[PDB]
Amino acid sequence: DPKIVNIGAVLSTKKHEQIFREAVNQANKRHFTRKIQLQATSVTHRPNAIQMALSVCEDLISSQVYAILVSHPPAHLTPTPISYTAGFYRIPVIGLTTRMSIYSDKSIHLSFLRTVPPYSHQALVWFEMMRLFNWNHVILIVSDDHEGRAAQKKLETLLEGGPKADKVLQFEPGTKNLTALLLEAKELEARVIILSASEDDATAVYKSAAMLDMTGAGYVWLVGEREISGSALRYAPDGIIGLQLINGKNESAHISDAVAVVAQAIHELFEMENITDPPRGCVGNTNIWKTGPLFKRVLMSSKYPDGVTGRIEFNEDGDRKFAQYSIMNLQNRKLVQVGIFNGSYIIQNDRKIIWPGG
């Protein structure tokens, strides 16, 4: 009779719960499980953050989960309550689909990994494009919020560790007329513009840029995924280039990979000596799981080469490395794939890029 080790999950639907169950059952078949055997415990998202925290305690931590998978629901309901409550005990949380850069901040989310990269890592792709297409002078426009500034910090680090940013302009989120900001950019010589902004803020940029004739021949526009989604797509200038994270919204694929990674890590953990069990339930328990920080290290340094979503490793913030992106180009008002970033390398496909104007 093996020791039973529970893995937890907070997921979007009962379908995804069943996918989690089966992934864990496969992990048990795959692995040698005479000593250690995994058991799936799951719920779906509660309708508010306090209920959600309570359910993490009552439904998951009561089962002594060693880790918790969390999906981003596609309805205001974030992983955050689950990170907080699990983090209180140093139980690792694995985000499956959340892209916001704030989850990279160890001070707030002190035991959080994810199998997708934060939006800010799209800078890694921009940088490779800047080398490839020899854009040696760029203007960077970002929203003056956490996400925007995270994109800036990431690109600047790549540029300061070749191509240069001739200027960085920040704007206040929710500003509707941005003519003043963009006139500043228009004055400059560089004509490659990079944008980090939410949907609605991208929309405002695109509109103002159009009225200043900054979306036609001569200009290049390089953006991420939010800036070619929803309403941002509706006013985007032709010739724009943006990104889509491949499998980025496939909860099922990330459940598979996450379980594989966590199963591998748990079997590795139990090679070592003096592994303790997590706390059973929240009530009366205020000490951290003594083994939590070690299990975090083992996860951080996990490699899973043959993932559904590609090559799975994590960086020093616990963020996905070797993520793969579609490189999209708006031609005749259709988003067309003109290549991919395969995790380390740009691959142009046989569809031609059409730039602003031509």
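Numbers for residues come from their place in the sequence shown, where the first is 1. Only the largest set of C-alpha atoms that superpose within 1.5 Å between the two forms is called the rigid core.
Colleague: Core-aligned, RMS over all structures and residues: is 105 to 113 or 254 to 262 the stretch with the greater C-alpha displacement in 9 other deposited structures of this protein?
Modeller: Stretch with the higher C-alpha RMS distance in 9 other deposited structures of this protein: 105 to 113.
Colleague: Across the other PDB entries of this protein that were compared, is residue 236 absent from at least a third?
Modeller: no, residue 236 modelled in all other entries.
Colleague: Are coordinates for residue 149 absent in a third or more of the other compared PDB entries?
Modeller: Modelled in all the others, so no.
Colleague: Look at the stretch from residue 161 to residue 162 and count the residues of the deposited sequence that the entry does not model, then pick none, 1 to 3, 4 to 9, or 10 or more.
Modeller: Missing in between: 10 or more residues.
Colleague: What number of residues from the deposited sequence go unmodelled in the gap from residue 75 to residue 76, classed as none, 1 to 3, 4 to 9, or 10 or more?
Modeller: Per the deposited record, the segment joining residue 75 and residue 76 lacks coordinates for 1 to 3 residues.
Colleague: What stretch has the higher average Cα B-factor here, 191 to 199 or 81 to 89?
Modeller: Per the PDB record, 191 to 199.
Colleague: Got a sec? Mean C-alpha B-factor, which is higher, 343 to 351 or 7 to 15?
Modeller: Per the deposited B-factors, the answer is 343 to 351.
Colleague: Highest Cα temperature factor in the entry, among the options 129, 255, 94, 116: which one is it?
Modeller: The C-alpha B-factor peaks, among 129, 255, 94, 116, at 129.
Colleague: For the CA B factor values reported in this entry, which option in 147, 251, 273, 105 has the top one?
Modeller: In the PDB entry, the greatest C-alpha B-factor among 147, 251, 273, 105 is found at 273.
Colleague: Give the position of residue 46 by CA B-factor within its chain, expressed as the lowest, middle or highest third.
Modeller: Middle third - that is where residue 46 ends up once the chain's C-alpha B-factors are sorted.
Colleague: Where does the C-alpha B-factor of residue 55 rank in its chain, lowest, middle or highest third?
Modeller: Answer is lowest: the recorded C-alpha B-factor places it there.
Colleague: Mind checking which third residue 313 falls in for C-alpha B-factor across the chain?
Modeller: Middle third, going by the recorded CA B-factors of the chain.
Colleague: Hey, what third does residue 37 fall into on Cα B-factor, ranked over its chain?
Modeller: According to the entry, residue 37 has a C-alpha B-factor in the chain's middle third.
Colleague: In terms of the chain's CA B-factor thirds, is residue 111 lowest, middle or highest?
Modeller: Lowest third.
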